[PDB]
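Heads up: the structure comes next, in structure tokens.
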Amino acid sequence: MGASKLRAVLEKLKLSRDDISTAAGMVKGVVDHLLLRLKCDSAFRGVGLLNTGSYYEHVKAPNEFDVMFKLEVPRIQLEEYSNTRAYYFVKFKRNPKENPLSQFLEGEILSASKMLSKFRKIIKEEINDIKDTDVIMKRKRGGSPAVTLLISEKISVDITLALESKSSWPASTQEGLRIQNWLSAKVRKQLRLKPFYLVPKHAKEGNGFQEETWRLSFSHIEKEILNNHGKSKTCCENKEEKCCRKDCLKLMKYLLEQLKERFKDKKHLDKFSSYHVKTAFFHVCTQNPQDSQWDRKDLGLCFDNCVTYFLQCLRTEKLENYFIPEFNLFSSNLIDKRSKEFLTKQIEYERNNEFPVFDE
Ligand SMILES: Nc1nc(=O)c2ncn([C@@H]3O[C@@H]4COP(=O)(O)O[C@H]5[C@@H](O)[C@H](n6cnc7c(N)ncnc76)O[C@@H]5COP(=O)(O)O[C@@H]3[C@@H]4O)c2[nH]1
Ligand SMILES: [Zn+2]
């Protein structure tokens with residue numbers, strides 16, 4: 001695929017500032033309401049919106065949003081669950097006083113499900129009485145840490161509770177975030193000085209879930225490297241330094257979206273998500289650390305790079321969490337071989353036919 005061809009695909013996907021800002025305005029209204037309602041509970045007194053510029057997650061298009069509600073909690077003490085590397089039990093270093101989160105304490109262990117339940121119940125209670133905006137809560141999605149809302153039958157919002165820890169990141173992330181040769185060792189240090197988050201997504205335990213466990217999240221870091229993405233500090237600030245990194249990611253996401261859409265009737269692509277694509281993309285960024293390897297005229301080659309890497313990940317059934325290297329997002333235990341073989345074949349068909357998926 002030629003570079004100009006690929007950018008013509010993105011150009012026709014570009015949304016009008018009006019349709020975007022209207023969409024953003026609706027979710028902000030709902031979010032503002034939920035935040036203040038939430039503050040009426042002592043346990044969520046500390047809730048606040050984490051890292052949101054309210055830019056949508058779908059390319060097409062401005063109908064889906066992903067928000068995290070960060071909760072500042074006292075010094076946290078983690079205990080890794082069954083060496084899963086990403087899931088943890090949360091305990092408090094000092095709990096002699098009857099904590100505000102004490103109601104969610106099952107033993108010395110802060111229950112993810114109990115918090116998630118109340119969080120959800122509080123939100124569901126304010127959804128009936130929202131002024132001027134029609135809002136509905138979606139069914140619980142299997143295994144999701146998120147409360148999903150649908151605004152005006154058009155806009156989906158994922159609202160995810162997020163415990164904030166200012167402690168240093170857990171050992172499982174020691175070899176993660178390999179950005180040294182790309183964004184530099186000192187950027188990695190400064191990033192790792194920032195807080196990490198815990199969302200109420202439970203580890204698998206037999207036919208069910210270990211309902212107390214939380215999972216690590218670094219969406220704030222993911223946000224930072226996407227918007228400050230070059231080896232050069234002035235990457236994408238002038239004509240002579242315009243790179244195609246953001247375009248590649250968009251095209252990879254739109255490819256996955258379109259395929260998921262085409263084959264909704266089948267079940268094969270249901271477990272794949274833009275998070276897989278974003279992760280695959282970060283790895284490619286690490287493999288191609290130079291801004292010259294992401295030249296604007298090379299969008300064609302760079303996109304194929306991303307496609308090819310993603311394909312290798314599907315075939316070998318290995319896609320490392322960018323922050324937690326021993327967590328395999330593509331293990332056969334999460335996504336079975338057939339689904340990955342199906343996605344593999346469709347992407348390959350697309351590439352061999354000049355991406356019919358990319359035209360209207
Ligand atoms: N809004 C939202 N924020 C999250 O952090 C998150 N984590 C999971 N989910 C959704 O819960 C359900 C259970 O999926 P699972 O955990 O088994 O696999 C997930 C998970 O391993 C990984 N993943 C997705 N988002 C994140 C994330 N923010 N951080 C780490 N991993 C993530 O990508 C897989 C599929 O993602 P989605 O299919 O788009 O949404 C999942 C899914 O609907 C999330 N939904
Ligand atoms: Zn750039």
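In the structure tokens, chains take the letters A, B, ... in the order shown, each chain's residues start at 1, and ligands count up from 1 in the order shown.
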Could you produce a table of the residues of stretch 8-81 of chain A lying within 9 Å of stretch 114-127 of chain A, with the nearest pair of atoms per residue and their separation in Å rounded to one decimal, using only C-alpha atoms, ordered by chain and increasing residue number, as a tab-separated table?
```
residue	atom	partner	partner_atom	distance
A:30	CA	A:127	CA	8.6
A:33	CA	A:126	CA	8.1
A:34	CA	A:123	CA	6.4
A:37	CA	A:126	CA	7.2
A:38	CA	A:122	CA	6.9
A:41	CA	A:122	CA	8.8
A:44	CA	A:119	CA	8.6
```
- Message: As a quick test: using only C-alpha atoms and all ligand atoms, which residues lie no more than 10 Å away from ligand 1? Give them as a ChimeraX atom specification.
- Response: /A:65-68,86,140-148,157-162,197-204,215-220,222,269-279,321-324,327-330,334-335
- May I ask which of the residues A:254, A:305, A:91, A:81 is the closest one to residue A:359, counting only C-alpha atoms? A:254
Could I get the residues of chain A with an atom no further than 7 Å from an atom of ligand 2, each paired with its nearest atom pair and that distance in Å to one decimal, using only C-alpha atoms and all ligand atoms, sorted by chain and residue number, as CSV?
```
residue,atom,partner,partner_atom_place_in_ligand_line,distance
A:229,CA,ligand 2,1 (Zn),6.1
A:230,CA,ligand 2,1 (Zn),5.3
A:235,CA,ligand 2,1 (Zn),4.2
A:236,CA,ligand 2,1 (Zn),4.1
A:241,CA,ligand 2,1 (Zn),6.8
A:242,CA,ligand 2,1 (Zn),5.4
A:243,CA,ligand 2,1 (Zn),4.1
A:244,CA,ligand 2,1 (Zn),6.4
A:245,CA,ligand 2,1 (Zn),6.1
```
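The gap separating atom CA of residue A:93 from atom CA of residue A:77 is 5.8 Å, in Å to one decimal.
For residue A:183, the non-local neighbours within 8 Å, defined as residues at least 3 positions apart in the same chain or in other chains and counting only C-alpha atoms, are residues 179, 180, 187, 188, 229, 230 and 231 of chain A.
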Serialized selection, N, CA, C and O atoms, as a compact mmCIF listing (two decimals), in the first residue's frame:
```
# COMPACT_ATOMS: atom_id res chain seq x y z
N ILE A 179 12.06 1.27 26.57
CA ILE A 179 12.05 2.46 25.72
C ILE A 179 13.42 3.14 25.71
O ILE A 179 13.58 4.22 25.15
N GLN A 180 14.40 2.48 26.32
CA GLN A 180 15.71 3.09 26.52
C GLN A 180 16.30 3.63 25.23
O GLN A 180 16.71 4.80 25.18
N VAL A 187 14.06 9.16 30.41
CA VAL A 187 12.61 9.24 30.28
C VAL A 187 11.96 8.02 30.97
O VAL A 187 10.94 8.15 31.64
N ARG A 188 12.56 6.85 30.80
CA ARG A 188 12.02 5.65 31.45
C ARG A 188 12.03 5.84 32.98
O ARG A 188 11.04 5.56 33.67
N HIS A 229 6.39 10.84 21.32
CA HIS A 229 6.64 9.51 20.77
C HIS A 229 7.93 9.37 20.00
O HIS A 229 8.27 8.28 19.56
N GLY A 230 8.63 10.49 19.78
CA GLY A 230 9.83 10.47 18.98
C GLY A 230 11.13 10.39 19.74
O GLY A 230 11.18 10.70 20.93
N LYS A 231 12.20 9.98 19.06
CA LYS A 231 13.52 10.04 19.65
C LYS A 231 13.92 11.51 19.74
O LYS A 231 14.54 11.95 20.71
```
Residues near residue A:61, cut-off 12 Å, only C-alpha atoms, skip fewer than 4 positions along chain, as a JSON list (two decimals) with C-alpha atoms, in the first residue's frame:
```json
[["chain", "number", "residue", "atom", "x", "y", "z"],
["A", 12, "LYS", "CA", -11.82, 10.25, 4.90],
["A", 13, "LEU", "CA", -12.06, 8.95, 8.47],
["A", 14, "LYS", "CA", -11.31, 12.38, 9.93],
["A", 15, "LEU", "CA", -14.24, 13.52, 12.03],
["A", 16, "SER", "CA", -15.64, 17.05, 12.06],
["A", 19, "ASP", "CA", -19.27, 15.96, 15.81],
["A", 20, "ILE", "CA", -16.29, 15.30, 18.08],
["A", 23, "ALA", "CA", -19.70, 13.79, 21.58],
["A", 55, "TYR", "CA", -10.72, 11.99, 22.78],
["A", 56, "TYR", "CA", -12.61, 8.90, 21.58],
["A", 57, "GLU", "CA", -11.09, 5.43, 21.10],
["A", 65, "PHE", "CA", -15.15, 6.58, 25.21],
["A", 154, "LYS", "CA", -25.33, 6.51, 20.46],
["A", 155, "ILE", "CA", -22.31, 6.89, 22.75],
["A", 156, "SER", "CA", -20.63, 4.15, 24.82],
["A", 253, "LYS", "CA", -6.78, -0.07, 14.81],
["A", 254, "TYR", "CA", -9.09, 0.72, 11.90],
["A", 257, "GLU", "CA", -12.22, -2.56, 13.80],
["A", 258, "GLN", "CA", -13.37, -3.19, 10.22]]
```
- residue A:95: which residues within 10 Å, counting only C-alpha atoms, same-chain residues fewer than 4 positions away excluded, as a ChimeraX atom specification? /A:74,91,99,101-102,108
- Message: To test your reading of the structure, identify every residue in stretch 105-346 of chain A that backbone DSSP assigns to alpha helix (DSSP H), and report it as a VMD selection string.
- Response: chain A and resid 112 to 126 185 to 192 219 to 227 245 to 262 274 to 287 299 to 316 337 to 346
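Among the candidate residues A:3, A:70, A:78, A:164, the one lying nearest to residue A:303 is A:3, with distances computed using only C-alpha atoms.
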- Message: as a ChimeraX atom specification, please: every residue in stretch 113-193 of chain A that a backbone DSSP assignment puts in strand (DSSP E or B).
- Response: /A:135-137,146-151,155-165
